[PDB]
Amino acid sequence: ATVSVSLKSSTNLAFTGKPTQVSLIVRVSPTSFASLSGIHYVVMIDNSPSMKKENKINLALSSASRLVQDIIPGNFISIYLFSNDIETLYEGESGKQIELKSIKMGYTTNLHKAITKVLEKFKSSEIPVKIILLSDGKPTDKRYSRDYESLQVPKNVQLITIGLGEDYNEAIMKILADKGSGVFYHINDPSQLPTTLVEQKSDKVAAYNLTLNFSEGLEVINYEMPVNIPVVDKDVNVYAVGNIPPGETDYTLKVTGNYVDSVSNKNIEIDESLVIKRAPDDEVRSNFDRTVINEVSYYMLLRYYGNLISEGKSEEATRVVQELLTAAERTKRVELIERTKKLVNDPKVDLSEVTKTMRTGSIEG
């Protein structure tokens, strides 16, 4: 096995006369690694007129060419430009030296059309796919984040977004990252673009096409459900909150799924469970692990905060930031405290940091 999937629950017991709240932390920990093989990267680059400004398009294309070069052989990569429609600059093996040159295209930024078309290419595909989408401006087709809530991201596709400068729609870049279980990188300055893009490569991986299905009544907070991640190259941390029905029957919480072992190439089953038993009320109350509840609450608060910021509710958002700080300190977790302090009420920065904190396993550095 190349990963270990662990379950940590706030309770082993449930009330008998009313529903019981449960907080769950699931971690997928890579335990051994192999060279990346058989996956497909897609880089989608805005080719609107704004990107022509100040060599942005050139910075983006030279960086895309580097990524093509640097991804180890044995994988596949497509490079698309989009404006009015999508155009293919390269589709072929990784590890090649190629010159990507810009081409003339139409006006407009039909982002929804572009991402829809690319997602459709991978419907029902077994190939692990990472899509990286870069833009410096607002879409002109579907202009609001709510327009993207219906997007259907196929199994085994991840979507990562990079927003450049101050003029793009961060709510849209966030929801895309959320729907695709990726990260939304805000980068104020084009000087950071090459590193952000080239760092998206992975040389070593533990698992492909990981799926985690949760039993009924359990709601994952930080990833779309079912949890599906095409490439596991570092810890994947999943936080959920749920509700257990009353009565006297034992109730089994289940996390089930599968993944492809990167060393053997075998498809391995995931089956982790916890049996919740029943007890008198005072015994149930005394058994709750408040440290688990507090850690999960942080992510509930963070989700709320992300939504406030995306909705422009700035004062309430700052109040919640104060609470996130309190909640993070309550956990005594250090990564988390530092991450929380990066929330500076700049909505581009904040929504990007929300995705990074929610899905650390999706970050590439």
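For every residue, the number given is its place in the sequence shown, counted from 1.
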item: Between 1-9 and 355-363 (mean CA B-factor, as deposited), the higher; value: 1-9
item: Stretch with the greater mean C-alpha B-factor as recorded in the entry, comparing 231-239 against 147-155; value: 147-155
item: Options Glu170, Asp189, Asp141, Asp282 - largest CA temperature factor per the record; value: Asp189
item: Candidate residues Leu36, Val26, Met44, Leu325, the one whose C-alpha B factor the record puts highest; value: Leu325
item: Cα B factor band for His40 (lowest, middle or highest third within the chain); value: lowest
item: Modelled-residue ranking by C-alpha temperature factor, third containing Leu308; value: highest
item: For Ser215, the third of its chain into which the C-alpha B factor falls; value: highest
item: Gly92, C-alpha B-factor rank within chain (lowest, middle or highest third); value: middle
item: Position of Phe184 among the chain's modelled residues by C-alpha B-factor, lowest, middle or highest third; value: lowest
